[PDB]
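Novice: My structure is in input_30.csv, and what it holds is CSV, N, CA and C atoms:
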chain,number,residue,atom,x,y,z
R,724,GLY,N,0.8,-1.2,0.0
R,724,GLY,CA,0.0,0.0,0.0
R,724,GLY,C,0.8,1.3,0.0
R,725,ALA,N,0.2,2.4,0.1
R,725,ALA,CA,-1.2,2.6,0.5
R,725,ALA,C,-2.2,2.0,-0.6
R,726,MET,N,-3.2,1.3,-0.2
R,726,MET,CA,-4.1,0.7,-1.2
R,726,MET,C,-5.4,1.4,-1.3
R,727,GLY,N,-5.7,2.3,-0.3
R,727,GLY,CA,-7.0,3.0,-0.2
R,727,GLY,C,-8.0,1.9,-0.1
R,728,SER,N,-9.1,2.0,-0.9
R,728,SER,CA,-10.2,1.1,-0.8
R,728,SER,C,-10.0,-0.2,-1.6
R,729,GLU,N,-8.9,-0.4,-2.3
R,729,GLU,CA,-8.8,-1.5,-3.3
R,729,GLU,C,-8.6,-2.8,-2.6
R,730,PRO,N,-8.9,-3.9,-3.3
R,730,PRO,CA,-8.6,-5.2,-2.7
R,730,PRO,C,-7.1,-5.4,-2.5
R,731,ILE,N,-6.8,-6.3,-1.6
R,731,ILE,CA,-5.5,-6.6,-1.1
R,731,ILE,C,-4.8,-7.6,-2.0
R,732,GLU,N,-3.6,-7.5,-2.3
R,732,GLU,CA,-2.9,-8.5,-3.1
R,732,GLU,C,-2.2,-9.6,-2.2
R,733,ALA,N,-2.2,-10.8,-2.7
R,733,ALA,CA,-1.5,-11.9,-2.0
R,733,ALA,C,-0.9,-12.9,-3.0
R,734,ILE,N,0.1,-13.6,-2.6
R,734,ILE,CA,0.7,-14.6,-3.5
R,734,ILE,C,0.5,-16.0,-2.8
R,735,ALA,N,0.2,-17.0,-3.6
R,735,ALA,CA,0.1,-18.3,-3.1
R,735,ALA,C,1.5,-18.8,-2.8
R,736,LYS,N,1.6,-19.4,-1.6
R,736,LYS,CA,2.9,-20.0,-1.2
R,736,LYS,C,2.9,-21.5,-1.4
R,737,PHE,N,1.8,-22.1,-1.5
R,737,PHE,CA,1.6,-23.5,-1.7
R,737,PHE,C,0.5,-23.7,-2.8
R,738,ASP,N,0.6,-24.8,-3.5
R,738,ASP,CA,-0.5,-25.2,-4.3
R,738,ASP,C,-1.8,-25.5,-3.5
R,739,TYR,N,-3.0,-25.2,-4.0
R,739,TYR,CA,-4.2,-25.5,-3.3
R,739,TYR,C,-5.2,-26.0,-4.3
R,740,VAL,N,-5.8,-27.2,-4.0
R,740,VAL,CA,-7.0,-27.7,-4.8
R,740,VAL,C,-8.3,-27.5,-4.0
R,741,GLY,N,-9.2,-26.8,-4.6
R,741,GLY,CA,-10.5,-26.5,-4.0
R,741,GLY,C,-11.3,-27.8,-3.7
R,742,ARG,N,-11.8,-27.9,-2.5
R,742,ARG,CA,-12.6,-29.1,-2.1
R,742,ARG,C,-14.1,-29.0,-2.3
R,743,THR,N,-14.6,-27.7,-2.5
R,743,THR,CA,-16.0,-27.5,-2.7
R,743,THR,C,-16.1,-26.6,-3.9
R,744,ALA,N,-17.3,-26.4,-4.4
R,744,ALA,CA,-17.6,-25.5,-5.5
R,744,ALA,C,-17.4,-24.0,-5.1
R,745,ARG,N,-17.2,-23.7,-3.9
R,745,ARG,CA,-17.1,-22.3,-3.4
R,745,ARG,C,-15.6,-21.9,-3.4
R,746,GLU,N,-14.7,-22.8,-3.6
R,746,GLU,CA,-13.3,-22.6,-3.4
R,746,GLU,C,-12.5,-22.5,-4.6
R,747,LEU,N,-11.6,-21.5,-4.7
R,747,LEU,CA,-10.6,-21.4,-5.7
R,747,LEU,C,-9.5,-22.5,-5.7
R,748,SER,N,-9.0,-22.8,-6.8
R,748,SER,CA,-7.8,-23.7,-6.9
R,748,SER,C,-6.7,-22.9,-7.5
R,749,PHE,N,-5.5,-23.0,-7.1
R,749,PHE,CA,-4.3,-22.2,-7.6
R,749,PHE,C,-3.0,-22.9,-7.3
R,750,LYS,N,-2.0,-22.5,-8.1
R,750,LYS,CA,-0.6,-23.1,-7.9
R,750,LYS,C,0.3,-22.0,-7.1
R,751,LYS,N,1.2,-22.6,-6.4
R,751,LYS,CA,2.3,-21.7,-5.8
R,751,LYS,C,2.8,-20.6,-6.8
R,752,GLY,N,3.0,-19.4,-6.3
R,752,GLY,CA,3.4,-18.3,-7.1
R,752,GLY,C,2.3,-17.5,-7.7
R,753,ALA,N,1.0,-18.0,-7.7
R,753,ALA,CA,-0.1,-17.3,-8.3
R,753,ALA,C,-0.4,-16.0,-7.5
R,754,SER,N,-0.8,-15.0,-8.3
R,754,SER,CA,-1.3,-13.7,-7.8
R,754,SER,C,-2.7,-13.8,-7.5
R,755,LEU,N,-3.1,-13.4,-6.3
R,755,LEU,CA,-4.4,-13.5,-5.8
R,755,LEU,C,-4.9,-12.2,-5.3
R,756,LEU,N,-6.2,-11.9,-5.4
R,756,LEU,CA,-6.7,-10.7,-4.9
R,756,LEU,C,-7.6,-11.0,-3.8
R,757,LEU,N,-7.6,-10.2,-2.7
R,757,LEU,CA,-8.4,-10.5,-1.5
R,757,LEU,C,-9.3,-9.4,-1.2
R,758,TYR,N,-10.6,-9.7,-1.2
R,758,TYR,CA,-11.7,-8.7,-0.9
R,758,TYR,C,-11.9,-8.6,0.6
R,759,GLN,N,-12.1,-9.7,1.2
R,759,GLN,CA,-12.6,-9.6,2.6
R,759,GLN,C,-12.2,-10.9,3.4
R,760,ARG,N,-11.7,-10.7,4.6
R,760,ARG,CA,-11.4,-11.8,5.4
R,760,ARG,C,-12.8,-12.4,5.9
R,761,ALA,N,-13.0,-13.7,5.7
R,761,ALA,CA,-14.3,-14.3,6.1
R,761,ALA,C,-14.2,-14.9,7.5
R,762,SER,N,-13.1,-15.5,7.8
R,762,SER,CA,-12.8,-16.1,9.1
R,762,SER,C,-11.3,-16.2,9.2
R,763,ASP,N,-10.8,-16.7,10.4
R,763,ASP,CA,-9.4,-16.8,10.6
R,763,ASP,C,-8.7,-17.6,9.5
R,764,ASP,N,-9.4,-18.6,9.0
R,764,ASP,CA,-8.8,-19.5,8.0
R,764,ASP,C,-9.1,-19.2,6.5
R,765,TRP,N,-10.0,-18.2,6.3
R,765,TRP,CA,-10.5,-18.1,4.9
R,765,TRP,C,-10.8,-16.6,4.5
R,766,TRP,N,-10.4,-16.4,3.3
R,766,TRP,CA,-10.7,-15.1,2.6
R,766,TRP,C,-11.7,-15.3,1.4
R,767,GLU,N,-12.5,-14.2,1.2
R,767,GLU,CA,-13.2,-14.0,-0.1
R,767,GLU,C,-12.3,-13.3,-1.0
R,768,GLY,N,-12.0,-13.9,-2.2
R,768,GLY,CA,-11.1,-13.3,-3.1
R,768,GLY,C,-11.3,-13.6,-4.5
R,769,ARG,N,-10.3,-13.5,-5.3
R,769,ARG,CA,-10.4,-13.7,-6.8
R,769,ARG,C,-9.1,-14.3,-7.3
R,770,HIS,N,-9.2,-15.2,-8.3
R,770,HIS,CA,-8.0,-15.7,-8.9
R,770,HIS,C,-8.4,-16.0,-10.4
R,771,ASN,N,-7.6,-15.5,-11.3
R,771,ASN,CA,-7.8,-15.8,-12.8
R,771,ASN,C,-9.2,-15.4,-13.2
R,772,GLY,N,-9.8,-14.3,-12.8
R,772,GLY,CA,-11.1,-13.8,-13.2
R,772,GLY,C,-12.2,-14.4,-12.4
R,773,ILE,N,-12.0,-15.3,-11.5
R,773,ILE,CA,-13.1,-16.0,-10.8
R,773,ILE,C,-13.1,-15.7,-9.4
R,774,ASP,N,-14.2,-15.2,-8.8
R,774,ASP,CA,-14.3,-15.0,-7.4
R,774,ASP,C,-14.6,-16.3,-6.6
R,775,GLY,N,-13.9,-16.5,-5.5
R,775,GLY,CA,-14.2,-17.6,-4.6
R,775,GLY,C,-13.4,-17.5,-3.3
R,776,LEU,N,-13.4,-18.6,-2.5
R,776,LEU,CA,-12.8,-18.6,-1.2
R,776,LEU,C,-11.4,-19.1,-1.4
R,777,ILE,N,-10.5,-18.5,-0.5
R,777,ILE,CA,-9.1,-18.8,-0.5
R,777,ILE,C,-8.6,-19.0,0.9
R,778,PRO,N,-7.9,-20.1,1.1
R,778,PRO,CA,-7.5,-20.4,2.4
R,778,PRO,C,-6.2,-19.6,2.9
R,779,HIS,N,-6.4,-19.0,4.1
R,779,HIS,CA,-5.3,-18.2,4.6
R,779,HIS,C,-3.9,-18.8,4.7
R,780,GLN,N,-3.9,-20.1,5.1
R,780,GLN,CA,-2.6,-20.8,5.3
R,780,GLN,C,-1.8,-21.1,4.1
R,781,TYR,N,-2.4,-20.9,2.9
R,781,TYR,CA,-1.8,-21.2,1.6
R,781,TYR,C,-1.2,-20.0,0.9
R,782,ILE,N,-1.3,-18.8,1.6
R,782,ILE,CA,-0.9,-17.5,0.9
R,782,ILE,C,0.0,-16.7,1.8
R,783,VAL,N,0.6,-15.7,1.1
R,783,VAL,CA,1.3,-14.6,1.9
R,783,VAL,C,0.7,-13.3,1.4
R,784,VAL,N,0.1,-12.5,2.4
R,784,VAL,CA,-0.5,-11.3,2.0
R,784,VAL,C,0.6,-10.2,1.9
R,785,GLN,N,0.5,-9.4,0.9
R,785,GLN,CA,1.4,-8.3,0.7
R,785,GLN,C,1.3,-7.2,1.7
R,786,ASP,N,2.4,-6.6,2.0
R,786,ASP,CA,2.5,-5.5,3.1
R,786,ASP,C,1.7,-4.2,2.8
R,787,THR,N,1.1,-3.7,3.9
R,787,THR,CA,0.9,-2.3,4.2
R,787,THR,C,-0.4,-1.6,3.9
R,788,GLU,N,-0.6,-0.5,4.5
R,788,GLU,CA,-1.9,0.3,4.7
R,788,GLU,C,-2.7,-0.2,5.9
R,789,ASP,N,-3.7,0.6,6.3
R,789,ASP,CA,-4.6,0.2,7.4
R,789,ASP,C,-5.8,1.2,7.8
R,790,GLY,N,-6.8,1.3,6.9
R,790,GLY,CA,-7.0,0.8,5.6
R,790,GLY,C,-7.4,-0.7,5.5
R,791,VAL,N,-6.4,-1.5,5.3
R,791,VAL,CA,-6.5,-3.0,5.1
R,791,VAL,C,-7.1,-3.6,6.4
R,792,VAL,N,-7.1,-3.0,7.5
R,792,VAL,CA,-7.6,-3.6,8.8
R,792,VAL,C,-9.0,-4.1,8.6
R,793,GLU,N,-9.9,-3.2,8.0
R,793,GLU,CA,-11.3,-3.5,7.7
R,793,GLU,C,-11.4,-4.8,6.9
R,794,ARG,N,-10.8,-4.8,5.7
R,794,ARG,CA,-10.8,-6.0,4.8
R,794,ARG,C,-10.1,-7.2,5.4
R,795,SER,N,-9.1,-7.0,6.3
R,795,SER,CA,-8.3,-8.1,6.9
R,795,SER,C,-8.9,-8.8,8.1
R,796,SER,N,-10.0,-8.2,8.6
R,796,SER,CA,-10.7,-8.7,9.8
R,796,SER,C,-12.1,-9.2,9.3
R,797,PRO,N,-12.5,-10.3,9.8
R,797,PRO,CA,-13.9,-10.6,9.5
R,797,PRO,C,-14.9,-9.6,9.9
R,798,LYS,N,-16.0,-9.5,9.1
R,798,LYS,CA,-17.0,-8.6,9.5
R,798,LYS,C,-17.6,-9.0,10.8
R,799,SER,N,-17.9,-8.1,11.7
R,799,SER,CA,-18.5,-8.5,13.0
R,799,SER,C,-20.0,-8.6,12.9
R,800,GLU,N,-20.6,-9.3,13.9
R,800,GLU,CA,-22.1,-9.3,14.0
R,800,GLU,C,-22.7,-8.0,14.1
R,801,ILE,N,-22.2,-7.1,15.0
R,801,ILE,CA,-22.8,-5.8,15.1
R,801,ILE,C,-22.8,-5.0,13.8
R,802,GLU,N,-21.7,-5.2,13.0
R,802,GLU,CA,-21.6,-4.5,11.7
R,802,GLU,C,-22.7,-5.1,10.8
R,803,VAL,N,-22.9,-6.4,10.7
R,803,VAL,CA,-23.9,-7.0,9.8
R,803,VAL,C,-25.3,-6.6,10.2
R,804,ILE,N,-25.6,-6.6,11.5
R,804,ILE,CA,-26.9,-6.4,11.9
R,804,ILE,C,-27.3,-4.9,11.9
R,805,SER,N,-26.3,-4.0,11.6
R,805,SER,CA,-26.5,-2.6,11.7
R,805,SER,C,-27.4,-2.1,10.5
R,806,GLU,N,-27.5,-3.0,9.5
R,806,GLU,CA,-28.3,-2.7,8.3
R,806,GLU,C,-29.3,-3.9,8.0
R,807,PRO,N,-30.5,-3.6,7.4
R,807,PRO,CA,-31.4,-4.7,7.2
R,807,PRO,C,-31.0,-5.5,6.0
R,808,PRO,N,-31.5,-6.7,5.8
R,808,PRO,CA,-31.2,-7.5,4.6
R,808,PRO,C,-31.8,-6.9,3.4
R,809,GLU,N,-31.5,-7.3,2.2
R,809,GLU,CA,-32.1,-6.8,0.9
R,809,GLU,C,-33.3,-7.5,0.5
Show the structure stored in the file as structure tokens.
Specialist:
Amino acid sequence: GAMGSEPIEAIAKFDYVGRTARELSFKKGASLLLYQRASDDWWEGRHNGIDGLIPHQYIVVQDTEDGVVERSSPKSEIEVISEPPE
């Protein structure tokens, strides 16, 4: 960064094969884009034009901004319930 509002970059450090239809598959060295931390183990992100889930333990997130703290932390309950559903 500074990244402002843009998605965070990460690189795959290990190969990963997706085990469900929601999960991205990628090879070590791949460039990944991260939109939002879903949980300690998982991100919502993008690889090769396709949005899906990416496991935290298979990647290295690139440095800096904060900023990134919002996208890097899972959304809290109180944040989600602050607005009605669509």
Novice: Could you check how far CA of residue 730 (chain R) sits from atom C of residue 754 (chain R), in Å to one decimal?
Specialist: 11.5 Å
Novice: List as a ChimeraX atom specification: which residues have an atom within 5 Å of (-8.4, -18.0, 10.5), counting all atoms listed in the file?
Specialist: /R:762-765
Novice: The residues within 6 Å of (-1.6, -9.3, -0.4), using all atoms listed in the file and the coordinates of the file, should be reported as a list in words; which are they?
Specialist: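 Within 6 Å of (-1.6, -9.3, -0.4), the protein and nucleic acid residues are residues 731, 732, 733, 734, 783, 784, 785 and 786 of chain R.
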Novice: Can you work out which one of R:790, R:772, R:807, R:741 has the shortest atom-to-atom distance to residue 756 (chain R), counting only C-alpha atoms?
Specialist: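 Selected residue with least distance to residue 756 (chain R): R:772.
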Novice: To one decimal place, how far is atom N of residue 743 (chain R) from atom N of residue 777 (chain R) in Å?
Specialist: 10.3 Å
Novice: Among chain R, which ones does DSSP assign to helix (DSSP H, G or I) (computed from the backbone)? Answer as a ChimeraX atom specification.
Specialist: /R:779-781,791-795,800-804
Novice: With distances taken over all atoms listed in the file, which residue among R:761, R:767, R:755, R:724 lies nearest residue 797 (chain R)?
Specialist: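 With all atoms listed in the file as the atom set, the closest residue is R:761.
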Novice: Using the chain letters and numbers from this document, which residues of chain R does DSSP assign to strand (DSSP E), as a PyMOL selection string?
Specialist: chain R and resi 731-735+754-762+765-770+773-778+782-784
